[PDB]
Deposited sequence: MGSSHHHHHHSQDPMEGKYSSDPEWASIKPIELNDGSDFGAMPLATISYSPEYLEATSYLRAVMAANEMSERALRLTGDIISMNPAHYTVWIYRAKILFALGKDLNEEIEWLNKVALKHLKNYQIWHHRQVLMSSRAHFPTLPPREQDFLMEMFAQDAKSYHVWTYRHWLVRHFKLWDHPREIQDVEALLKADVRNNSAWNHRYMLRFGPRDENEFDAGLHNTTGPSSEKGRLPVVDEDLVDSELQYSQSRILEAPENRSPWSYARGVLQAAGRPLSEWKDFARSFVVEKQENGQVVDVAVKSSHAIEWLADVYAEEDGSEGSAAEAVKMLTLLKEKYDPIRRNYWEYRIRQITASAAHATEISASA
């Protein structure tokens, strides 16, 4: 056995596995671990029990990670050792990049990256090839949730909202696949996400306000809003049934305090129907922002098109909207 025969490891006795079998009834969902993994983990129990911060312990954590990168305990202990020994974290990141390229959908590798990169003593500014590494990951899975979560943290940490590679990388991902909702979500953070370092992070501004006003910007840059709306329309025209840019535009209008009716004519241009989102947009414009003249009936007609033809699985939600509009209109007629 590799550890038990190595004089480097002679000074410490491993702690054998006790899974509860032959200490009672037999345990459930057991795994017949390889001899190598049983031995490595028995040495890990011993080093962690001793709170040992050492080079051998660091190598042991890398060995266990090579066998099971989903062992959350060994990553946390690894980070303790790296900081306690003053290890070079540039070299740790180059090792972590190799692990990250081998294994997908993993909380630990991307949490560990944030633990390391958050140390300002080691990474005072954005490292020069960090954004490129994230694009290596997105070339293999453009919607990788943990890598996008890390990139949101990276933007807040190094204050990258206006850094041109953040927008350029979102635009490259949206050129490759305009339906990449993860890229649209990151775009919203770059353009409209809160930046005040004295507040806790939030996805939307104004979370201290009434929930109907969640997202409202304290101060609106009107030309930026116009630019982002124009960008959204241009992307919609490439693929009008793509939900993502329609949802992004709703979010921009909410942030800006502007009504859905700004896009009434644009939405009508798709309605012979090229976009179910255009029909839902019209239902909301006629329901919520038009106080006239048969606008309620027109909203109900749009919702009827959705329930019967253009998004029928969501019939019960469209009928709930029809009931709300009908009640509202009845209340209006009543006063």
{"query": "Missing segments of the deposited chain sequence, listed N- to C-terminal", "finding": "1-16, 288-299, 364-367"}
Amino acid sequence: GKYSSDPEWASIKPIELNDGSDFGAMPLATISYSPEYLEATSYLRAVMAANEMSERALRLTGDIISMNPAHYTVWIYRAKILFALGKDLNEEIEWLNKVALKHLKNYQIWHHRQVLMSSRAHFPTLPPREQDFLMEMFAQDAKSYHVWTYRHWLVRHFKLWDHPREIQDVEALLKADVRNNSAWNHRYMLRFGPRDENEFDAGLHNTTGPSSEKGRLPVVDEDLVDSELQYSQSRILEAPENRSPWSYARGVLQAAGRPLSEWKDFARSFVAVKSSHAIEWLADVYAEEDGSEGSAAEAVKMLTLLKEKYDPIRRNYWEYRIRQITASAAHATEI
From here on, numbers count along this sequence of modelled residues.
item: Residue range whose averaged C-alpha B-factor is higher in the record, 86-94 or 168-176; value: 86-94
item: Greater mean Cα temperature factor according to the PDB record, 326-334 or 4-12; value: 326-334
item: Per the PDB entry, maximal CA B factor within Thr41, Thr61, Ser276, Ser295; value: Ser295
item: Most elevated Cα B-factor in the entry, residues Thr30, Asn51, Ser54, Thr304; value: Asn51
item: Third of the chain's Cα B-factor distribution that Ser212 belongs to, per the entry; value: highest
item: Ranked against its chain, the third holding the CA B-factor of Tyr320; value: middle
item: CA B-factor ranking of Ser234, expressed as a third of its chain; value: middle
item: For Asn242, the third of its chain into which the C-alpha B factor falls; value: lowest
item: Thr125 - which third its CA temperature factor falls in, relative to the rest of the chain; value: middle
